[PDB]
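Structure, as structure tokens:
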Amino acid sequence: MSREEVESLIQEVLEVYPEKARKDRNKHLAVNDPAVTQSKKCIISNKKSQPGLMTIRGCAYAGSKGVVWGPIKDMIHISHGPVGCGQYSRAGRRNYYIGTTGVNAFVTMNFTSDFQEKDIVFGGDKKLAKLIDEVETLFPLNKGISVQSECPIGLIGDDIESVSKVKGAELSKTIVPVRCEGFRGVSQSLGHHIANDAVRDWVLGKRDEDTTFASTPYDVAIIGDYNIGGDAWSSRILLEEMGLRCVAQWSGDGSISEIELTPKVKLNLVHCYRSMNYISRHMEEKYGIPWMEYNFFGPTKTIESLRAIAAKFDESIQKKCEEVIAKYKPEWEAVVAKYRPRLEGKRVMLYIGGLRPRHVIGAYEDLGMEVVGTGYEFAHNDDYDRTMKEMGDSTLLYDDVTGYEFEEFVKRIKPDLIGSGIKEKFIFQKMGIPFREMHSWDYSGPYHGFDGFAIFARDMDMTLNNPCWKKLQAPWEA
Amino acid sequence: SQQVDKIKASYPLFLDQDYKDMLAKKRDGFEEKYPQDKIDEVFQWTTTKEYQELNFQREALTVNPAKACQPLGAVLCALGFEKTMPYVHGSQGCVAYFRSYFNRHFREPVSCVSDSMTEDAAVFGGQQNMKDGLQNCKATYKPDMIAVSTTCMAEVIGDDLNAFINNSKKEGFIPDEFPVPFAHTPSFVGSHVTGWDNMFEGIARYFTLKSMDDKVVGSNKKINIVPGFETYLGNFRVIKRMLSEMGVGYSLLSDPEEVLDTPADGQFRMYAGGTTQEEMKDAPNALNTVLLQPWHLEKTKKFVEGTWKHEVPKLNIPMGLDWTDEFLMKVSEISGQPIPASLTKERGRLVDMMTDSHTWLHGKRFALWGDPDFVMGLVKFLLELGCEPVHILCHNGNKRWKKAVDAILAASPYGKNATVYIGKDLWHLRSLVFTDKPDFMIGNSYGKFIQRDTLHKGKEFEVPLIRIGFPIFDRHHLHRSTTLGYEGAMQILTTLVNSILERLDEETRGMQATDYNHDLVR
Amino acid sequence: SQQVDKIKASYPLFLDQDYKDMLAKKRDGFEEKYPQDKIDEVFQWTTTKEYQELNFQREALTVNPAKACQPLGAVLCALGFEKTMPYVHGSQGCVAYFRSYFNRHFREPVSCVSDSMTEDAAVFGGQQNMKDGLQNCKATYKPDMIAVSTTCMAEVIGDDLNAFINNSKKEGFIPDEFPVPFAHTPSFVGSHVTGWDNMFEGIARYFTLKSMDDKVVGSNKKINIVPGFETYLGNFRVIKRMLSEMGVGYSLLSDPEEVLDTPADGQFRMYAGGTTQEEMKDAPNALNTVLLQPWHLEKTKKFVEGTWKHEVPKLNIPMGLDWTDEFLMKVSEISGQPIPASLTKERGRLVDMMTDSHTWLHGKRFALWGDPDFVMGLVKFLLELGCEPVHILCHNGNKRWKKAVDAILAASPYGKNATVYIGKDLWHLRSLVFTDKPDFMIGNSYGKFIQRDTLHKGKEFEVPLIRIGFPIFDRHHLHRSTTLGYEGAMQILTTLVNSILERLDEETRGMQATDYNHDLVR
Ligand code: ICS
Ligand code: CLF
Ligand code: CLF
Ligand SMILES: [Fe+3]
Ligand SMILES: [Fe+3]
């Protein structure tokens, strides 16, 4: 509640750390102060995690294979290296898609080289070439191949670029090497960067010399939406109801064809800035396509984003946008009228990855709830600058929070709801605090658009007002 | 559009006509996908025997494997010990994946730390990483013990765990008497069960190798029980219950049952009951050591025989009637305790259920996969039930295990059509269930996709999945079940017979078409 | 025609082309069947609101009831006593039906005898039948006690059980000291649970009423437990386990657990462990008596309060979280034993499972039926879980029970859309599930037909059945499940959540159609 109270809490939880750990962790905990847009407000980010602290961050392979490249349907993504990384990441993310799995869609499947000791000792390039041959043999309808490096690949000095070039020339197939070794970087963010660079280097410019595709003044491309539970579809229906033509969709229900068609698009609508800002800037520099951010979390942010997007086109698009907003007003009005009294005045703490800790605040405050704490695992100072405006004054901000820090913060703040991932879900459910998964939407969703807002309101009421939370204490104990 | 009275999640919201039209427009406009005729033709091709031969000619490509890497099992074994923190020397992404996997299977908190090694650690070797990580872990989480496993990244660069831990102790990063057992768990060798074996051998060697002088076999009148990689809490519970019923003093080493089943009472416990250091130290004084899963406890068996001088019995996993009886007989022989009447009554009741359900169980065809000991025990129990295990798949098997399973199948008339496959993945099994259709397939959640594929061929080709194994992700609280002992045999038998009965009921639910066989009594 | 390699039973044999043609020819030539269009119109009419009102206007016709007659419950109560033979005074067809019913539910031998009263006994009375039957039964099957119930035929003609048994003893047909308790169980009054109540009251009055002079309440420091009509063996097991874990002296009267779970070891035991005559005689000396099912133990409660001078607590059935808590707290208050840490941990684990599965359970709509106490406890647990029990049906309920369940529903926000029906059968429930469609329906095997009916209206109108209750005929070994206590709550929770997940997986298995929601993790 008080800034001094939050600072005292930070200094109290930092006591148990050794001198170096305490010094490093001090720069990552802050108290929000709006109108401050810099790394000055005691918030440093994108740094090496402290060893032995039970963090939450992933690896570069998680950021590349599991986030950017995986959701592409008509493409086979081979986890080059030992079984493991590929197995734990199989069907872990709910990037929805439409296709016949195993025939022309492979998002759910797991392709790996299954490195043995001999592959570590003698390398795995010939094995990779043979693997590409077998992939072509058994999966004829794949429209491309991407290899995702794991830690041993970068450690043992395996040249996958040469193999990729040779096999792509031989089979006339798009073979994309990604050097997403897990030890690279500090978190998934470098994986995002490496995957974006691979997309630019091997896929984006494939149709630069081609002019067959017919353009239209209303051509937009959704980038950064990974269709978690159908989010991309829920946003695309709203965009197309406005009269726009969504040519490309990165990367949830996405194909390599629309990734190659993206350079022909008039406007690039970025949802996840953290993961796709590199490719957005490259496309703006090369093809001159402007890109703008948007937020479809909650009716307020949805309406604001739709009006801002329609502002970039002629008056007919804006009139259609107003028509769409008017059409969808009664539904979200009914949803908020039903669910706000059950959720009004409830405090929420969030710990998610790149930008969801700030993008979902609008939906929460549109239901009557206040976000009293937020933080990121791998976001850069740009994300913190953006979220400092969204967060309310004297609210806690945490970067790469450890288990002990988040446990103590939750113990002292005592929120009514926590929105985070699976690794802290059961920890907080044991504590007796309602928890919601903000990565997979607790296998519900979508949460984007007006339909997504309805589902989000239902889920928030369901978890927060569940009778089980009232039965955590045995009646014969006091 | 949405109705507030009936809110629709993704299913069936995206089945609405507007969403259908939008998706069709997207597909026909920009996805450039093959015509549905080509897709159907290729799918039909994938279900044939030519595609099966091409699939089984694979040598470099693995598609949908069924196994994990060693540090996962190492982490589970470390969790089996009291107030012990699992510490994986290497990259943090591996630890994040391990924790996510175990959280999804168990729906419980899983504690594990990493030293977060990076490019500079890859160049110079992660020694300072280990020092700072051990200091930070012991300061922040205050464990009684830290059990150290390795990530493949640390295995490739050849980090010396022993020297690193010794140097951390010399430079005062951790106290000298603080227990830091370690194990090398290369991810490119073996699988998760191998990691469990390596971690247990490391812990036992840490606590017993230097104190071997004053140990006398059989002094404490106990039997050491080493379970192995186990993800069913009911298995720990049933072993403990049967051994307490027999009046036998036991020591269950690496018992993670309490930490993986902590109560929800407003308090979070990082550590629950486990194998204490006193039991680990007094283990060489036991009468004997019994390995519940001997086919992935080879290194542990070698260490226990060589160092503790225990005559480890040649016992199979106590799954099903015959092997549970053999296990109980061996335990009675070792400990001198007669088998009580309660266990005899339990066995009789299991035989009673067997005779009751034999009519529906007989002649059924099963394609099963999983870990070596679990797969072998399931095959034995299916043979005892008069079932035919047509396809047997074990990705992390070896030649000797295949020989043992082949000898088991030969000794029975119901294994005549059986075929064991080792080193094969679930795409191979998809081909097998397409070309030689079994009645059911038994395995973890990853088989559900196979079922989907079969149903796409036709309703008469669908092979239902029975979820017994690890990991189970799409069903809740199945990890509390039992597979060992007569209790586990009863649970497995009930699951199999009731799955058969649900399939029969569903196939006969059509009125005026097949409802003549929709019998009330079955 | 039959392939010798693949032999087809009735399904799918009668789907062959020759059988289809023969059946079509027979129907078209000699059946005078209504045209399929008329049948479809009539069925669509039967699944409507107008048909629902016509069906609910019934006052004389009963279609598909959910209840049995009193002697069935009397036999079940008599089976719970040590070396006791149930003896139904009346016609043999009743006993044949009782034995077939219990055999099909429990898949166990069920021993009961009849005196085979016929037209001659109907006209002249069955006192000679009583004498001969008692003598024959004692000579042949050698019980330690014969418990006598009645058939509706003997109840109509007013056969005097007391006079007949007294004359049998006074004429030397049976020893004067041999215990022959009796109960009048008219089939046109109440239901099977009423018969259980009557039989238990008769046995208690036989063993206690005359010897009330030397009895002192609380002398033996025990609590009497009266379980009522129970068909889950796990319920007896869990009650005994919970009381023993708590260190409470208990006397479970009418325990049929052993005789209904006899081991199969090559020997047939007609009698197994039950409530002894010494326990029944010492029952008044207990501190108090707890009735597990107070809504069909009214006569027993009246007898115990009036004769034994026990102050029977006003406890509900220990079903779910809250009611198990109240049961344990009352047992602690009565006996003075603190609630141990094991039960606290079990309650915490139940709460943890509730927390883990709440997202899938919340908002689900259930129709359900069964016996009064079971239905009441199931509704309470569903309200605790956040589900909506829309259709609550109890054929053998009364106005007081309906008022109690209505008060329970009104105390929770999830009871707003719930209606309780008493005196309604399963045709009424079929109409209700067609009109106000719930997500699932929880009941015995007789609901399967209802499910079939719904599937005929369309795959989108199908209401799946969850088999909890009595009798369960189409599944095997479900009578071993637990319903009472924390263990029963966990079992019911797992069944409900996994049924929901199975249905969701079935609805999303269509590739390229709905498989976008075929999630591996749920
Ligand atoms: S890609 Fe990123 S951690 Fe932008 S790695 Fe992560 S499906 Fe998070 S906050 Mo999981 S930068 Fe997406 C994300 Fe955000 S996997 Fe999802 S929820 S919007
Ligand atoms: S940080 Fe990332 S997930 Fe970790 S290994 Fe590296 S790319 Fe992969 Fe892989 S097989 Fe197992 S899980 Fe590792 S120890 Fe290696
Ligand atoms: S010999 Fe035959 S089955 Fe018996 S009653 Fe008579 S016609 Fe009927 Fe009926 S309700 Fe129950 S089962 Fe009886 S006691 Fe009466
Ligand atoms: Fe849990
Ligand atoms: Fe039986």
Dividing the alpha-carbon radius of gyration of the protein assembly as shown by 2.2 N^0.38 Å (N being the number of residues), what value is obtained?
0.96
Determine the principal axes of the Cα atoms in the range C:364-469, then give the extent along each, sorted from largest to smallest and rounded to whole angstroms.
37, 26, 21
What is the order of A:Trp69, A:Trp202, B:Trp196, fewest Cβ neighbours within 10 Å to most?
A:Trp202, A:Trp69, B:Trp196
Shielding by partners, peptide A:440-448 (average Cβ within 10 angstrom, other chains)
3
For chain C, what's the relative contact order in percent, using C-alpha pairs closer than 8 Å and at least 6 residues apart?
15
With axes computed from alpha carbons, what is the tilt in degrees of helix B:192-208 against the longest principal axis of chain B, rounded to the nearest 10 within 0 to 90?
10
Over the range A:203-317, what number does the Rg to Rh ratio reach, with both radii from the alpha-carbon atoms and Rh per Kirkwood?
0.94
C:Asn167 versus C:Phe188, label points 7 Å from Cα toward the beta carbon: distance in nm?
2.3
So for the range A:310-435: antiparallel DSSP bridges make up what percent, rounded to the nearest 5?
0
Taking only Cα atoms of chain A, what ratio of Rg to Rh do you get with Rh as the Kirkwood inverse-distance radius?
0.98
Residue span B:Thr419 to B:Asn220: 0.36 nm per residue of separation minus Cα-Cα distance leaves a gain in nm of 67.1 nm
Evaluate E = 1/(1 + (r/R0)^6) for B:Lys281 and A:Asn26, where r is the Cβ-Cβ distance and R0 equals 35 Å; express this FRET efficiency to the nearest 0.05.
0.30
How many angstrom lie between the Cα centre of the range C:483-498 and the Cα centre of the range C:398-447?
20
Note the angle between two axes, namely the Cα long axis of helix B:70-79 and the longest principal axis of the Cα atoms of chain B, as a number of degrees from 0 to 90, rounded to the nearest 10.
60
What list of ³J(HN,Hα) couplings, whole Hz, do you get for the range B:509-522 from phi and the Karplus terms 6.51, -1.76, 1.60, once you set θ to phi - 60° and write x for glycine and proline?
8, x, 6, 6, 10, 9, 6, 4, 9, 7, 6, 6, 9, 10
If we hang a label 7 Å off Cα along the beta carbon direction at B:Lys170, how far is it from the matching labels on the other copies, in nm, shortest first?
10.5
Report the rotationally averaged projected area of the range C:1-108 based on its alpha-carbon convex hull, in square nanometres.
13.9
To the nearest 500 deg cm²/dmol, what mean residue ellipticity at 222 nm is calculated for chain C from DSSP H runs of n ≥ 4 alone, each contributing -39,500 (n - 2.57), summed and divided by the residues?
-14500 deg cm²/dmol
In whole Hz and in residue order, list the ³J(HN,Hα) couplings for the range B:136-152 that follow from phi through the Karplus curve 6.51 cos²θ - 1.76 cosθ + 1.60, θ = phi - 60°; x for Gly and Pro.
5, 5, 5, 6, 7, 9, 6, x, 6, 8, 10, 9, 9, 10, 10, 8, 4
Contact order relative to length of the range C:1-153, as percent, for alpha carbon pairs under 8 angstrom and 6 or more apart
23
Against the 2.2 N^0.38 Å scaling, with N counting residues, where does the range A:330-433 land? I'd like the Cα-based Rg ratio to two decimal places.
1.10
Within the range C:255-285, backbone nitrogen closer than 12 Å to the virtual label 7 Å beyond the Cα of C:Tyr141 toward Cβ
C:270-272
Taking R0 as 56 Å and r as the Cβ-Cβ distance between A:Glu19 and B:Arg27, the FRET efficiency 1/(1 + (r/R0)^6), rounded to the nearest 0.05, comes to 0.40
Once the Cα gyration tensor of the range C:198-264 is diagonalised, semi-axes √(5λ) in Å:
25, 18, 9
Shortest-first distances to equivalent copies, position C:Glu502, nm, label 7 Å out along Cβ:
0.3
FRET efficiency for C:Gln57 and C:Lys399, using Cβ-Cβ distance with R0 set to 22 Å, rounded to 0.05:
0.65
Length gained, A:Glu5-A:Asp208, 0.36 nm per residue minus C-alpha separation, equals 67.4 nm
proj_area_mean for the range C:69-214 (convex hull on C-alpha atoms), units nm², value 8.7
Using a label point 7 angstrom from Cα along Cα-to-C-beta, what distances in nm, from shortest up, separate B:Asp40 from the other copies?
2.5
Listed with the fewest Cβ neighbours within 10 Å leading, B:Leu260, C:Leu368 appear as B:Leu260, C:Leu368
Tell me, how many Å apart are the Cα centres for the range A:253-322 and for the range C:240-310?
73
Gain in length, C:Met212 to C:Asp18, computed as 0.36 nm per residue apart minus the alpha-carbon separation, to one decimal in nm?
62.3 nm
In nm, the gap between the two label points placed 7 Å beyond Cα toward Cβ at C:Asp406 and A:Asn381 is 7.0
List the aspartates and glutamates whose Cα sits under 14 Å from the Cα of B:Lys424, skipping any in the same chain fewer than 8 residues away.
A:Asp114, B:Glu53, B:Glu59, B:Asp371
Taking Cα atoms only, helix C:447-457 is inclined relative to the longest principal axis of chain C by an angle, in degrees rounded to 10, of 10
Pairs A:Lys20/A:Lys411; C:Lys210/C:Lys302; B:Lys240/C:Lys83; A:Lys471/C:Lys314; B:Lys330/C:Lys240; A:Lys130/B:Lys302: which are spaced more than 27 Å apart, C-alpha to C-alpha?
B:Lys240/C:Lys83; B:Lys330/C:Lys240; A:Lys130/B:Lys302
Could you please state, rounded to a whole Å, how far the C-alpha centre of the range A:129-166 is from the C-alpha centre of the range A:401-478?
41
Neighbour-count ranking [beta-carbon atoms within 10 angstrom, fewest first] of C:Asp505, B:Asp436
B:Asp436, C:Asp505
Show that you can apply the helix-only estimate: for chain A, add -39,500 (n - 2.57) for every DSSP H stretch of four or more residues, divide by all residues, and state [θ] at 222 nm to the nearest 500.
-13000 deg cm²/dmol
Considering Cα pairs under 8 angstrom that are at least six residues apart, work out the relative contact order of the range B:69-214 and quote it in whole percent.
35
Cα gyration tensor shape of the range B:215-319, rounded if a/c is under 1.5, else prolate or oblate by comparing a/b with b/c:
prolate
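Each value in this text was obtained by applying a stated rule to the coordinates, not by laboratory testing. For neighbour counting, all protein chains shown are included, and Cβ atoms are generated from backbone atoms with ideal geometry for every residue, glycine included.
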